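Student:
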Ligand SMILES: Cc1cc2nc3c(=O)[nH]c(=O)nc-3n(C[C@H](O)[C@H](O)[C@H](O)COP(=O)(O)OP(=O)(O)OC[C@H]3O[C@@H](n4cnc5c(N)ncnc54)[C@H](O)[C@@H]3O)c2cc1C
Ligand SMILES: Cc1cc2nc3c(=O)[nH]c(=O)nc-3n(C[C@H](O)[C@H](O)[C@H](O)COP(=O)(O)OP(=O)(O)OC[C@H]3O[C@@H](n4cnc5c(N)ncnc54)[C@H](O)[C@@H]3O)c2cc1C
């Protein structure tokens with residue numbers, strides 16, 4: 003039996019941020035997770051592995067399309083195992099760094115499944131048979147989520163995978179079917195298209211990423227189509243059948259598609275069933291999520307939830325966990341993480357912040373559009389990333405930025421300047437900043453300047 | 003004899019920006035250049051070729067050190083010509099884009115050397131012997147500069163190069179000597195270190211880039227030393243001897259260094275000799291620069307000078325030209343706070359006061375550090391060396407200086423610059439705690455740095 | 175002209191927008207619907223919109 007001030011369940015970004023913020027306040031913190039190593043889904047099955055796969059695919063594509071390396075020989079494909087091999091060193095380094103972060107602050111860890119006993123007591127059970135009783139005054143729930151698994155899909159089939167088991171692939175398939183047009187599905191479709199796999203992306207809606215700007219979605223769809231990705235719209239699956247050599251999907255519309263593999267990316271379910279929320283009066287909705295208020299507080303006053311258990317973004321989860329820890333400690337570090345810069349790490353990347361075009365049109369705001377195309381950008385030309393764009397929506401009278409959308413090379417790393425300018429108050433948030441500020445050159449931030457001018461010419 | 007409201011000399015960033023801002027005002031503009039193509043040194047001989055060389059060398063290094071590509075075969079050294087070949091497509095695209103920009107706004111161009119006659123006319127002299135007369139109410143001077151050529155150096159020797167003709171190299175040398183520890187010198191030292199050339203960098207001072215922070219300079223020096231860049235400090239050249247099989251530099255201290263090539267990167271002199279400034283009474287200093295006020299206006303009321311002809317940065321020159329054009333048409339700012347950027351391997355960028363200036367001013371500041379080795383994006387980019395430092399006021403949390411060195415340093419520094427320019431309490435460190443970034447990116451490094459500051463704050 | 179505005183996303187409007195964009199003028203096509211030529215295929219309309227936007231047709 004151990005006693006602590008605050009106990010956090012799950013060692014993902016939310017749990018790590020909550021524990022670090024709470025221990026920074028002078029309290030005693032503990033962390034519980036079921037994985038054999040620290041890091042959570044973000045490092046072991048989420049952000050890090052898929053991002054390493056994407057970066058390796060991009061490097062392979064650039065090497066193949068670079069004439070300088072064509073003197074070495076004819077273009078050569080790479081096995082999926084060799085591509086995935088690069089992620090092991092990165093995940094090992096990340097887990098080592100996180101363990102060092104925990105150890106340097108004297109943070110106690112327990113590597114076992116956590117179950118609830120009462121409002122202040124939990125039992126951690128390891129695989130071997132640890133049965134340790136933990137009592138804490140404050141609780142943080144950061145158990146994340148898992149891929150949604152419908153019953154009628156034989157996930158035990160060797161040729162059917164989800165967003166987690168897809169990394170178990172040993173050989174590169176010739177054909178692939180991806181279901182669900184979510185962020186994960188689009189990212190994996192882009193990665194496998196870069197690898198050279200004819201993948202037939204399936205969408206339940208008519209437009210990919212309807213929450214994004216219409217032009218950005220159109221450009222992404224066109225690029226995917228030009229990159230061997232076949233996009234089908236307004237489709238719902240009827241039956242998935244595994245075979246010896248492939249997987250056949252029968253849609254409700256009547257189309258039957260056969261591939262050499264299958265990936266499911268349609269939604270996620272909260273990983274809270276094993277916790278046993280009935281011992282504290284808490285309940286989980288149909289998606290497995292936990293309802294929280296603006297203070298990230300559950301129905302129980304001393305129990306808090308943050309992260310994927312409620315935009316399902318790793319940075320958003322980390323900030324939500326830190327805010328929940330601040331609410332626990334009440335050290336003027338609480339904030340409701342609501343404005344999250346949307347980022348899709350396809351090839352090329354996509355990012356957005358603030359209002360889109362359709363919302364502005366619906367609200368009848370007198371705005372204007374400033375565009376800067378990456379094809380004319382020195383850095384984009386020099387990186388051989390010719391495709392791309394940057395769009396700035398700015399108020400036509402007050403010159404206040406209402407939304408920034410970018411699609412191309414280094415989208416996420418240049419959306420941040422627009423985000424910083426947008427967050428300013430009143431006249432401080434002005435497009436004219438991009439004219440009265442000297443940037444570097446040749447970089448991607450220079451596009452902002454061009455975009456600004458492309459707005460100012462449209463202003464009379 | 004043509005007539006326009008405003009004429010521009012030089013088609014670099016300063017001239018292009020001045021012309022664009024002037025034509026935006028509804029006036030009539032003209033441009034003159036002595037090169038057969040538009041763009042200036044920013045595209046033809048300066049920024050773009052060196053950046054292309056840097057990106058190609060970085061890609062070569064990434065391919066060489068990547069275990070995935072090693073299965074194909076053993077590393078193969080790439081000739082300098084093949085590496086430089088990638089720049090031709092980029093310069094062609096840039097010049098086509100700039101020509102389209104000029105033609106879209108109906109901008110007249112004159113491909114010839116410009117000479118002054120009086121305060122309202124100039125003569126354009128072509129290669130085959132013309133004079134064309136141009137008259138403008140307002141004048142913009144953006145003649146830029148050229149590499150400084152001392153008399154005692156035989157630049158006509160095939161084995162002796164400057165910052166311009168170094169691109170004429172056809173074979174990769176084994177050993178190379180760089181004189182001058184300037185931005186260009188350090189950049190080219192990094193380039194040739196990436197290509198496996200035993201560079202012997204020569205510095206006239208004791209510390210590389212003394213205008214930078216001590217920590218950043220020390221890290222850059224350590225990386226260069228680990229990348230075969232033998233750095234010699236406090237050295238002044240005495241004589242240069244060009245052999246058939248090499249170049250031997252005899253220093254004032256008595257050291258004699260032999261290489262297979264030689265590169266001079268010590269300073270630049272403004273292009274004012276052939277401008278005929280004596281026809282207007284304007285005066286240029288020994289450095290070839292033109293003195294202007296805060297309006298970017300010369301002593302003559304209707305003559306303006308902007309750009310490298312006066315921080316010598318392409319973006320700074322472009323903004324200076326646009327500011328001068330705005331001053332002509334009345337939308338004007340003085341380009342003073344230029345974020346310094348050195349595009350070596352890895353890159354360096356900085357904005358605001360350094361730690362030494364803050365110590366001298368006795369401002370009670372504090373340091374927040376975020377090391378790239380622990381950064382997920384840096385680890386996944388295989389580029390682990392690097393750091394990001396934020397200097398913030400201890401009491402009011404006001405950011406007084408941002409320094410970054412590593413991967414994507416120049417693009418990273420822009421967020422800190424954007425926060426910096428805010429007024430009063432808006433420019434606060436706690437912004438990095440009150441905003442969610444994209445992950446995994448290097449921008450998250452800022453967040454870490456902020457926390458590394460807040461722990462030191464009590 | 176230096177700039178131009180086209181109202182109506184019909185066949186004639188799109189043809190003139192493409193022609194003028196080829197001529198090198200910033201055309202601002204205005205549509206009463208959410209998709210250009212909704213009676214066409216979605217992929218074809220998306221490709222046409224991408225090309226027009228890439229050719230200064232806002
Ligand atoms: C392929 C892919 C790519 C992604 N890319 C991005 C991206 O680029 N950016 C982004 O922001 N997000 C991305 N995500 C989303 C990311 O996975 C989540 O945002 C993030 O993992 C949520 O953080 P969290 O700490 O709140 O939850 P998690 O990190 O998922 O926390 C779950 C942890 O709790 C443990 N746990 C769960 N239940 C129990 C239990 N009963 N007992 C004990 N331990 C338990 C798990 O073992 C795990 O360690 C991606 C996801 C996927 C699948
Ligand atoms: C190797 C190298 C790398 C560099 N890298 C960078 C970098 O990464 N970032 C950065 O910001 N800066 C960089 N620079 C500096 C960059 O070259 C200058 O900042 C830039 O030239 C400034 O613009 P400008 O128009 O004043 O210069 P220029 O472009 O040189 O303008 C001068 C133009 O006018 C013409 N001209 C000159 N004299 C006359 C005359 N008498 N009559 C008519 N026309 C004339 C010239 O032919 C030229 O076209 C680099 C320079 C070098 C040499």
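Chains as they are written, first to last, in UniProt numbering: chain C, 3 to 312, 315 to 464; chain D, 3 to 312, 315 to 334, 337 to 464; chain G, 175 to 232. Here a beta-carbon is modelled for each residue, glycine too, at the ideal position from N, C-alpha and C.
Pull out every residue of the region 215 to 231 of chain C whose Cβ sits closer than 8 Å to any Cβ of chain G, in chain order.
Tutor: Residues 216, 217, 220, 221, 223, 224 and 227.
Student: With distances taken from CA atoms, which of C:330, C:282, C:402 and C:298 is nearest residue 342 (chain C)?
Tutor: Here residue 342 (chain C) refers to the residue found at position 338 of the first chain. It is C:298 whose Cα lies nearest to the Cα of residue 342 (chain C).
Student: Please report the distance separating the alpha-carbon of residue 364 (chain C) from that of residue 212 (chain C).
Tutor: In the first chain, the residue the question calls residue 364 (chain C) occupies position 360. In the first chain, the residue the question calls residue 212 (chain C) occupies position 210. Approximately 15 Å between the Cα atoms of the pair.
Student: Along the region 424 to 448 of chain D, what residues have a CB closer than 8 Å to any CB found in chain C?
Tutor: The residues in question are 424, 425, 427, 428, 429, 432, 437, 439, 440, 441, 442, 443, 444, 445, 446, 447 and 448.
Student: Can you find a CB in chain D that lies within less than 7 Å of the CB of residue 128 (chain C)?
Tutor: Residue 128 (chain C) sits at position 126 when you count from the first residue of the first chain. With 7 Å as the cut-off, residue 128 (chain C) does not count as an interface residue toward chain D.
Student: In angstroms with no decimal places, state the Cα-to-Cα distance between residue 165 (chain C) and residue 44 (chain D).
Tutor: For the purposes of this step, residue 165 (chain C) is identified with residue 163 of the first chain, where counting begins at 1. For the purposes of this step, residue 44 (chain D) is identified with residue 42 of the second chain, where counting begins at 1. The alpha-carbon atoms of residue 165 (chain C) and residue 44 (chain D) are separated by roughly 47 Å.
Student: Indicate whether at least one CB of chain D lies closer than 7 Å to the CB of residue 165 (chain C).
Tutor: Position 163 of the first chain, counted from the start, is the residue given in the question as residue 165 (chain C). Residue 165 (chain C) does not count as touching chain D.
Student: Identify which residue in D:79, D:159, D:120 and D:168 has its Cα closest to the Cα of residue 47 (chain D).
Tutor: In the second chain, residue 47 (chain D) corresponds to position 45, counting from 1. Per the Cα distances, D:168.
Student: Can you check whether the C-beta of residue 106 (chain D) is within less than 7 Å of a C-beta belonging to chain G?
Tutor: Position 104 of the second chain, counted from the first residue, corresponds to residue 106 (chain D). It does: the Cβ of residue 106 (chain D) has a partner Cβ on chain G nearer than 7 Å.
Student: Entirely within the region 361 to 414 of chain C and at least 3 residues each: give me those beta strand (DSSP E) ranges in chain order.
Tutor: The region 361 to 414 of chain C contains these whole beta strand (DSSP E) runs: 371 to 377, 393 to 399 and 405 to 412.
Student: Residues in the same chain with beta-carbon distance under 8 Å from residue 62 (chain D), minus the five sequence neighbours each way, listed in chain order, please.
Tutor: Your numbering for residue 62 (chain D) matches position 60 in the second chain. Around residue 62 (chain D): 80, 85, 196 and 197.
Student: Assuming the contact rule is C-beta atoms closer than 8 Å, residue 23 (chain C) and residue 337 (chain C) should be a hit. Round their C-beta distance to whole Å, please.
Tutor: For this step, residue 23 (chain C) is matched to residue 21 along the first chain. For this step, residue 337 (chain C) is matched to residue 333 along the first chain. Right, the Cβ-Cβ distance comes to about 7 Å (below 8 Å), so this counts as a contact.
Student: Check distances from the C-beta atoms of the region 182 to 213 of chain G to those of chain D and list, in chain order, the residues that come in under 8 Å.
Tutor: Going along the region 182 to 213 of chain G in chain order, one finds 198 with a Cβ nearer than 8 Å to chain D.
Student: Name the DSSP bridge partner or partners of residue 202 (chain G)?
Tutor: Here residue 202 (chain G) refers to the residue found at position 28 of the third chain. For residue 202 (chain G), which the question treats as bridged, DSSP gives the partners G:179.
Student: Starting from residue 140 (chain D), follow the alpha helix (DSSP H) in both directions and report where the run begins and ends.
Tutor: Counting from one through the second chain, the residue named residue 140 (chain D) turns up at place 138. Here residue 140 (chain D) belongs to no alpha helix (DSSP H); instead the beta strand (DSSP E) covers 134 to 143.
Student: Within the present structure, is the beta-carbon of residue 315 (chain D) separated from the nearest heavy atom of ligand 2 by less than 6 Å?
Tutor: Residue numbering aside, residue 315 (chain D) sits at position 311 when the second chain is read from its first letter. No, the Cβ of residue 315 (chain D) stays beyond 6 Å of every heavy atom of ligand 2.
Student: Name the residues in the region 370 to 390 of chain C whose C-beta lies less than 9 Å from a C-beta of chain G; which are they?
Tutor: Against chain G - using a Cβ distance shorter than 9 Å - the residues of the region 370 to 390 of chain C are 373, 375, 377 and 379.
Student: Who are the Cβ neighbours of residue 190 (chain D) in its own chain at under 8 Å, not counting the five residues just before and after it?
Tutor: For the purposes of this step, residue 190 (chain D) is identified with residue 188 of the second chain, where counting begins at 1. Result list for residue 190 (chain D): 52, 165, 168, 180, 265 and 267, in chain order.
Student: Could you check where the beta strand (DSSP E) with residue 223 (chain D) kicks off and where it finishes?
Tutor: The sequence position of residue 223 (chain D) within the second chain is 221, counting from 1. Segment 216 to 228 is the alpha helix (DSSP H) holding residue 223 (chain D); no beta strand (DSSP E) there.
Student: May I ask which residues mark the beginning and end of the beta strand (DSSP E) holding residue 445 (chain C)?
Tutor: As a position in the first chain, residue 445 (chain C) is number 441, starting the count at 1. Segment: none, residue 445 (chain C) is in no beta strand (DSSP E) and carries neither H nor E.
Student: Tell me, please, which residues DSSP counts as bridged to residue 149 (chain D).
Tutor: Position 147 of the second chain, counted from the first residue, corresponds to residue 149 (chain D). DSSP, once it has assigned bridges, lists D:270 as partnering residue 149 (chain D).
Student: Can you look up residue 110 (chain C) in the DSSP assignment and give me helix, strand or coil?
Tutor: Against the first chain, residue 110 (chain C) aligns to sequence position 108. Correct three-state label for residue 110 (chain C): strand.
Student: Name the chain G residues that come within less than 8 Å of residue 235 (chain C), Cβ to Cβ?
Tutor: For the purposes of this step, residue 235 (chain C) is identified with residue 233 of the first chain, where counting begins at 1. Chain G residues near residue 235 (chain C): 216.
Student: Using a Cβ-Cβ cut-off of 8 Å (strictly less than) and excluding sequence neighbours within five positions of residue 186 (chain G), which residues of its own chain qualify?
Tutor: Taking the third chain and counting its residues from 1, one reaches residue 186 (chain G) at position 12. There are no such residues.
Student: Under a CB-based cut-off of 7 Å, is residue 341 (chain D) close to chain C?
Tutor: As a first step, residue 341 (chain D) is located in the second chain; it is residue number 335 there, counting from the start. So, interface residue.
Student: Under 6 Å from any heavy atom of ligand 1, does the C-beta of residue 349 (chain C) make it?
Tutor: Along the first chain, one-based indexing puts residue 349 (chain C) at 345. Because some heavy atom of ligand 1 lies under 6 Å away, the Cβ of residue 349 (chain C) counts as near it: yes.
Student: Can you look up residue 452 (chain C) in the DSSP assignment and give me helix, strand or coil?
Tutor: Translated into the one-based positions of the first chain, residue 452 (chain C) becomes position 448. Helix, per DSSP.
Student: Run through chain C and tell me which residues come within less than 7 Å of residue 125 (chain D), C-beta to C-beta.
Tutor: As a position in the second chain, residue 125 (chain D) is number 123, starting the count at 1. Here the premise fails: no neighbours, minimum Cβ distance about 32 Å.
Student: Can you tell me whether DSSP reads residue 470 (chain C) as helix, strand or coil?
Tutor: There is no way to answer for residue 470 (chain C), as the model of chain C reaches only from 3 to 464.
Student: Using 7 Å as the threshold, is the C-beta distance between residue 202 (chain D) and residue 259 (chain D) below it?
Tutor: Stepping through the second chain from its first residue, residue 202 (chain D) is reached at position 200. Stepping through the second chain from its first residue, residue 259 (chain D) is reached at position 257. Going by C-beta atoms, residue 202 (chain D) is nearer than 7 Å to residue 259 (chain D).
Student: Using a Cβ-based criterion (distance less than 6 Å to any ligand heavy atom), does residue 12 (chain D) qualify as near ligand 2?
Tutor: Counting from one through the second chain, the residue named residue 12 (chain D) turns up at place 10. At least one heavy atom of ligand 2 is nearer than 6 Å to the Cβ of residue 12 (chain D), so yes.
Student: Is residue 27 (chain C) helix, strand or coil when you go by DSSP?
Tutor: Position 25 of the first chain holds residue 27 (chain C). Three-state DSSP puts residue 27 (chain C) in coil, outside helix and strand.
Student: If you follow the beta strand (DSSP E) that residue 281 (chain D) is part of, which residue opens it and which one closes it?
Tutor: Translated into positions along the second chain, residue 281 (chain D) becomes position 279. Per DSSP, residue 281 (chain D) belongs to no beta strand (DSSP E) and is neither H nor E.
Student: Could you check where the alpha helix (DSSP H) with residue 65 (chain C) kicks off and where it finishes?
Tutor: Taking the first residue of the first chain as position 1, residue 65 (chain C) is located at position 63. Note, residue 65 (chain C): alpha helix (DSSP H), 49 to 67.
Student: Taking its Cβ as the centre, do 16 or more other Cβ atoms sit within 10 Å of residue 93 (chain C), making it buried, or is it exposed?
Tutor: In the first chain, residue 93 (chain C) corresponds to position 91, counting from 1. Burial call: buried.
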